[PDB]
Amino acid sequence: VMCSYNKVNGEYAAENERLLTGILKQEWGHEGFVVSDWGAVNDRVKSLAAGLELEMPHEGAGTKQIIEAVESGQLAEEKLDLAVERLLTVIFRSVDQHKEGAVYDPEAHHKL
Amino acid sequence: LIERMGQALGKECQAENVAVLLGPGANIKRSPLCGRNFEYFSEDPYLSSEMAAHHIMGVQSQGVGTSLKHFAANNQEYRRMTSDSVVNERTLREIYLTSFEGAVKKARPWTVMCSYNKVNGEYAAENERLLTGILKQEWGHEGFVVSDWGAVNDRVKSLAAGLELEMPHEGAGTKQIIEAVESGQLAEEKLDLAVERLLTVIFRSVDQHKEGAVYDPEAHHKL
Amino acid sequence: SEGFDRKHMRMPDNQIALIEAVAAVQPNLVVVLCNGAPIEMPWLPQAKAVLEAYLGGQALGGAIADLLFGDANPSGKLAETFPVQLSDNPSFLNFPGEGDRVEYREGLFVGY
Amino acid sequence: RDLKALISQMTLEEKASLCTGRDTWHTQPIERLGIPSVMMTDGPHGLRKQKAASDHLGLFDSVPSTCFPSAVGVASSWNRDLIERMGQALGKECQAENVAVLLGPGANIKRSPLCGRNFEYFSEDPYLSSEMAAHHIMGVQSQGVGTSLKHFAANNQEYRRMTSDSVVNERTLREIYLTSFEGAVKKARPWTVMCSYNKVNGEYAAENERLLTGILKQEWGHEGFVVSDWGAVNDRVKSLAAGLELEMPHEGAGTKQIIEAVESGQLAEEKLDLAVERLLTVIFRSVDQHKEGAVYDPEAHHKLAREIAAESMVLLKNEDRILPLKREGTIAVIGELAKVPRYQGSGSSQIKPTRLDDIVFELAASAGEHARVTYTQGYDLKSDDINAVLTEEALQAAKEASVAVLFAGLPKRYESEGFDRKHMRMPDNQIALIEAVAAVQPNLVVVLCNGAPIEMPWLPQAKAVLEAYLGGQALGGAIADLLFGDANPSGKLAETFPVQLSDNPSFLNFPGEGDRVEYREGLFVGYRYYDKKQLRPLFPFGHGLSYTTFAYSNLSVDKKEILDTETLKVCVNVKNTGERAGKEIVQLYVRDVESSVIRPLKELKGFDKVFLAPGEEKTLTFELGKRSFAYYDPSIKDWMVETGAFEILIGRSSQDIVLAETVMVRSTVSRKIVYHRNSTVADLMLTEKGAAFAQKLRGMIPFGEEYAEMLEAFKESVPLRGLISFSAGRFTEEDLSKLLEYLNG
Amino acid sequence: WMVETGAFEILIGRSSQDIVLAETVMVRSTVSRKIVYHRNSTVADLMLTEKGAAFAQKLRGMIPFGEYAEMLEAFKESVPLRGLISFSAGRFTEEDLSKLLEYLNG
């Protein structure tokens, strides 16, 4: 599920813990992970703590922040451990389900 | 003998309008050099547990509460607020926790105070296995847990673990508890349960308070 | 005191020496000790008697007078072991540890 | 030979079949491709070639061979070159018996005095052990014969050895146990290393991939292959994947297992190919290096064995100059161990000798016709009960003599592979004979024949005590020469001799709880423990006496300060201030003066032995380096020097320092300090940003000498998050958050 | 908390060093833990059940090398079940032990 650019009731979706964790993960039982719209993150560490696993597009400063939040004792490393497990789960799935040699009929999809 | 001493102390708390007396301490004497050995009872978990329990009985006979103190392995002072006690389960159960077990069970101190250290990589004020699993569930402690002064590391994590009272007053911890409820991270019924433990002890000390209490400084010097 | 541990287990030096000299001119020597925890006693051969009085509180005066003249009979027994030297005790190899970490390696073999 | 070509011509089965033996002592040949068979054979200190017996326990007789002294006493020689010559004799005997690889030496650390196999291990100290082990290997392999550095793991007790779990923390395992093996693998390059029966931290040695590949193959660069102890493997495919090339003895099921694993795509065939290559490289080596027609002089090895022995015995005590004996008067030799000699162990290291000395005959010989040697038996090695007839005969003999030499020790049945001693005492009826013989003849010399330490409550009534250990097939002439002074005693204990069993560090955790033993004493093994605790031993590590005296002089170091990447030269002068020539042993220790981690007070870090005529003086030279000063640091997974002063200590023992000097070693590793929510107010003074806030602080805290002590103690050790509780609301979680940014950028 | 069926000694002293009177009693546990066999159980562990000591016979004989008396007993008692594979002359295999572990655990 992709989060939006806007705030909901004064909090950016990409860091709205009640929205991504409280309602989406806990209440509804979403098993996958949350990705941002492109450039949507305001603070990476705030976003990780709230339930956003993947920042898009690549922003390398966010990686230096997550490391320092762990080492400075402001982010528990098991929050990060939990997040890597959700991400790695979807990535390995699509690998394993990829069909090598796949082709498709441009003629028929024009019919479809 | 110690049970009569605790009664005198209880008579001194009634005359000074003292609700709860922070004590006794019952940590185990692991090393001879520990600074606070003078205010601990013994190296042996049985003798310790006995004296501690009868201390609690005498104080509490007069309707005054106690805070059986430094629940964990606060066995050295050096770097106590950041030190990690690495204790295996047999040693921890047979030795350190057993100095506390007899006293909690027979004497029923109204409160237990946790210590500044970690036990096995978790701060006492937030070790749910220690404050809930062993103190509340296994031993059936009915009162509440209060932190040593400034010992809390995270207020919300400590509430989830079984620590009801943060001392001294830290107002940020209150705004954090409120925000944990609203964001769906802490159930409000965890908090309701906490208020019920706290209010139960407080109304007790009020209802058992003896107005007009005095005491004979002459005889306590005899005692 | 609260807030720090002792660095050694000895009595002050100018005291041990006075015990030794007074003993050399008066063998009939009684020693009373005021302390909260165990100490080494290299002088013990020259004291005929040793009353361990610990921290006897605001009425220690009358109590020690009673014990010394027999109006009370002494009836106390050590509740901790008194080692010969500091290095004998079980915690010596792991106390106070390496920084913020101390390993209770002696196990159940604490004290006596 | 182009080995990758040979392996490519092999079928899948032929490859997998090389991976286990053919029988109990030979490897699998492949006749179609000309791969020969070669023979393994036991013997850390002598050949145990078994003609026709599938026996890994030394229960069946074998071909008779030279029985050199056992590790315990040869290690007491402190003679790196002496043991290297022995390895040459052993290599000449393997060449004559067509023995490809000689299974040994063993170099496990002596954690407990009670371990059964201590008689065939070298020391409690990792440095001395690695030296003797390395020079053992070098001498053997100079003759083109392979070795099997033995029991790679922590095989430190025999009880339940095939199921026991050695629980060792990472620092202890690197600094103590694995370091006795490390030096020898690196300098001597033994062709094979044998794994142990036990688990290490919950994984059987024979499949502890981190141990066999991570440490032995990858880090240390062992080029040869790993062979299992006999029967040690738990799963062959697990063992192959982990770095064990040869299962012994032959187990054919594992070959069908290796085959089916490649076919199921669960073991990559290139892991198997690499394995055939390691084995074939050692096998072709011993073939190419075999010297056909090999012989050897059994006459001369008995010479070599008499020499090793007289350097491998520790004179423990000698009052009133009772030793060396005078060739006059009458000498009363007492005790059945003087007629039924104790000179080796039992188990897979038991040799069938080629000759064997008569101790009384040799004493008679050395005495000359100006002295009478008598013999009385005295006690009963097959009993624990006093004998009233022997005791009257011994007393009567000793009453007639000027001096009495009483042989005592430990019967053969006390020390063996497969079980540990139950106590540390000598037999009872021996202790009694010492006391009574003493009561009628105070001039009493005692010789002990034993593989490991014992208690000596009788020690006051012996004027002299020669620790002769297990001196081998020539211990007769050896003890005769020492006792008469034709050789000078020159040995020093390589293990500590405690007063009582309960003094030693393994006592609270030996042998454990079932299949689990926790090495809880950590780094405090042997003398490292007795030094730290100030627990006086019966005799300390490195203790030995001589019939001459030695003065030490002129400690000096070429540089007074080195970086941890640099090397250092130590020099000391030894002079014989006595009137008999002799050889002297010099021990060099290092003392880290201040360290942020727990360390022993001293660690032995070099040694040499030196022969001096009366009045002669020489100069011995040591070299120190990074490993002379470093402790092991699991966080960076490497060795670490801490910038400071270390003290260099030259002694005749671990108790007796005679000379010291301080040097300054400086680390080349700069670690970035990283602040966090529980760093102390004192941690701020490591950076100039941090001490800036430190002053602005400790005032934001609101609260006379009497309590001066603890107000400093409070303020320096409070964590940064702890200021939140004592700043009158002025320091919040948001501030600490901003502070942690500044501190970390 | 766990009691082990056996003898315990009651000791009356003036100190921890000075015992003046003693007496022995027998405490008997009421807890039976089922023994569970596995591939590294010892030949001695087989003697906790009547099924196990049944197979225990001749299995110690199957060791083909069955003064050195002390250590040969120590060997035979302490070998794990899987260790017999190495010293039974091909007569005890992984499938045999596999069948043995089913029987022992039922």
# chains A, B, ... in the order shown; residues from 1 in each chain; ligands from 1
>>> interface_residues(of="chain E", to="chain B", cutoff="12 Å", atoms="only C-alpha atoms", output="tab-separated table (two decimals) with C-alpha atoms, in the first residue's frame")
chain	number	residue	atom	x	y	z
E	1	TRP	CA	11.12	-25.75	41.76
E	2	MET	CA	12.32	-29.33	41.74
E	16	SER	CA	28.36	-22.23	59.56
>>> select_by_dssp(residues="segment 482-639 of chain D", states="strand (DSSP E)", output="PyMOL selection string")
chain D and resi 517-518+550-557+561-563+568-576+582-592+603-612+617-624+631-633+638-639
>>> residues_around(residues="residue 176 of chain B", least_positions_apart="5", cutoff="12 Å", atoms="only C-alpha atoms", output="count of residues only")
14
>>> residues_around(residues="segment 169-183 of chain D", least_positions_apart="3", cutoff="8 Å", atoms="only C-alpha atoms", output="PyMOL selection string")
chain D and resi 107-109+125-127+129-131+134+149+152-154+186-187+220+519+522-523+631-634
>>> residues_around(residues="residue 31 of chain C", least_positions_apart="2", cutoff="12 Å", atoms="only C-alpha atoms", output="PyMOL selection string")
chain C and resi 15-16+18-20+22-23+27-29+33-34+41+43-53+64+68
>>> residues_around(residues="residue 79 of chain A", least_positions_apart="4", cutoff="10 Å", atoms="only C-alpha atoms", output="number ranges by chain")
A: 48-49, 51, 70, 75, 83-84
>>> write_last_selection(atoms="N, CA and C atoms", output="short mmCIF file (atom, residue, chain, number, x, y, z; two decimals), in the first residue's frame")
data_model
loop_
_atom_site.label_atom_id
_atom_site.label_comp_id
_atom_site.auth_asym_id
_atom_site.auth_seq_id
_atom_site.Cartn_x
_atom_site.Cartn_y
_atom_site.Cartn_z
N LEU A 48 9.81 5.45 9.80
CA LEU A 48 10.01 4.06 10.16
C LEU A 48 9.24 3.72 11.43
N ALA A 49 9.41 4.53 12.47
CA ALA A 49 8.69 4.33 13.73
C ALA A 49 7.18 4.28 13.53
N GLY A 51 5.49 3.06 10.70
CA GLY A 51 5.01 1.98 9.86
C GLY A 51 5.25 2.05 8.35
N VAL A 70 19.48 4.04 15.77
CA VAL A 70 19.77 2.81 16.49
C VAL A 70 20.94 3.02 17.45
N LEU A 75 16.04 4.62 18.47
CA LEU A 75 15.24 3.65 17.72
C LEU A 75 15.72 2.28 18.15
N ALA A 83 10.90 -4.53 10.38
CA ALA A 83 10.67 -3.87 9.09
C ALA A 83 11.39 -4.58 7.95
N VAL A 84 12.64 -5.02 8.18
CA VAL A 84 13.37 -5.77 7.16
C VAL A 84 12.63 -7.05 6.81
#
>>> closest_atom_pairs(of="chain D", to="chain E", cutoff="9 Å", atoms="only C-alpha atoms", output="Markdown table")
| residue | atom | partner | partner_atom | distance |
| --- | --- | --- | --- | --- |
| D:54 | CA | E:65 | CA | 8.0 |
| D:55 | CA | E:65 | CA | 6.9 |
| D:57 | CA | E:72 | CA | 8.4 |
| D:58 | CA | E:68 | CA | 8.8 |
| D:59 | CA | E:68 | CA | 6.8 |
| D:60 | CA | E:65 | CA | 8.9 |
| D:159 | CA | E:78 | CA | 8.4 |
| D:160 | CA | E:78 | CA | 5.9 |
| D:161 | CA | E:78 | CA | 8.3 |
| D:162 | CA | E:79 | CA | 6.8 |
| D:163 | CA | E:40 | CA | 6.9 |
| D:230 | CA | E:86 | CA | 8.2 |
| D:231 | CA | E:86 | CA | 5.3 |
| D:232 | CA | E:83 | CA | 7.5 |
| D:233 | CA | E:83 | CA | 8.2 |
| D:234 | CA | E:82 | CA | 7.2 |
| D:248 | CA | E:86 | CA | 8.6 |
| D:249 | CA | E:86 | CA | 7.1 |
| D:250 | CA | E:86 | CA | 7.7 |
| D:251 | CA | E:86 | CA | 6.3 |
| D:252 | CA | E:90 | CA | 8.2 |
| D:253 | CA | E:93 | CA | 8.0 |
| D:346 | CA | E:68 | CA | 8.1 |
| D:347 | CA | E:71 | CA | 8.2 |
| D:412 | CA | E:67 | CA | 8.7 |
| D:413 | CA | E:67 | CA | 7.3 |
| D:416 | CA | E:71 | CA | 7.3 |
| D:417 | CA | E:71 | CA | 7.1 |
| D:418 | CA | E:71 | CA | 5.6 |
| D:419 | CA | E:71 | CA | 6.7 |
